[PDB]
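any chance you could fold what I've pasted below:
(one chain, ligands or ions: 2)
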Amino acid sequence: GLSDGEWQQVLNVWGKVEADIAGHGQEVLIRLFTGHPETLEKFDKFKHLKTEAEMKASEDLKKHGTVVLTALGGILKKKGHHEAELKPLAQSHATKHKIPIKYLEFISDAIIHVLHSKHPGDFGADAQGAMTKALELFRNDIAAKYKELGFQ
Ligand code: COH
Ligand SMILES: O=N[O-]
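Numbers count the residues shown, from 1 in each chain. Ligands and ions are numbered 1, 2, ... in the order given. Here you go, the structure:
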């Protein structure tokens, strides 16, 4: 788990996200899609996006980025006590959306990249350690639900 001090860092970093949730969400998804084009293919409603310019210009992508980061932020504020929030996300992503756990690894990495890119010099070594732990916990708890479903 995370220490209280680590959770405090996580939620302090998250305050940065909340100042522009759509902008952060958009950049995370663009980072995912551009670094790993296979992920774009899981989104019927974004596979029409052929270029990063089109991605950047997509208001619906920004909207989805808001949905995604709002869900994650709710989960993080539970500080690990997230079974009720996390279980349904794990199940929709395995059974409906067919998202292998690797892609959750990719988006976790994208979140770390975007934080540095949008806040250069303001996402310190302690903060990165804490956020990384929180994202691994999230990923690891999803992985447990995936195993339950025999998904992947
Ligand atoms: C690589 C693809 C992949 C990844 C890594 C991913 C990772 C994450 C992630 C990790 C931080 C969070 C918090 C969410 C959160 C959400 N995702 Co996704 N999602 C993904 C593919 C999808 C797809 C596909 C949909 C449906 C989009 C649509 O058509 O509306 C989706 C829908 C959602 C929804 C809408 C409700 C639902 O369908 O369950 C939420 C909330 N999610 N997602
Ligand atoms: O982009 N995650 O749904």
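
let me know the helix or strand that the residue of the chain found nearest ligand 2 is in.
Nearest residue of the chain to ligand 2 (Cβ to the nearest ligand atom) works out as residue 68 at 4.2 Å. All C-beta spots, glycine's among them, are computed from the backbone N, C-alpha and C. Here residue 68 sits within helix 59-76, counting by DSSP states H and E.

got the residues of this structure near ligand 2?
Contact residues (Cβ under 6 Å from any ligand atom) of the chain with ligand 2: 29, 64, 68.

mind running it again at 5 Å?
residue 68 (Cβ under 5 Å from any ligand atom).

which helices and strands sit right next to the top helix by length along the chain?
Longest helix of the chain, by residue count under DSSP state H: helix 125-149. In this structure, helix 125-149 makes packing contacts with helix 4-18, helix 59-76, helix 83-91, helix 101-118, judged by 3 or more Cβ pairs under 8 Å, 6 or more residues apart in numbering; DSSP states H and E.

same thing but 7 Å
In terms of contacts (3 or more Cβ pairs under 7 Å, 6 or more residues apart in numbering; DSSP states H and E), helix 125-149 is packed against helix 4-18, helix 83-91, helix 101-118.

residues contacting the first one, please?
It refers to helix 4-18. The contact list for helix 4-18 (Cβ atoms under 7 Å, 6 or more residues apart in numbering) reads 2, 24, 69, 73, 76-77, 79, 115, 119, 123, 126-127, 130-131, 133-134.
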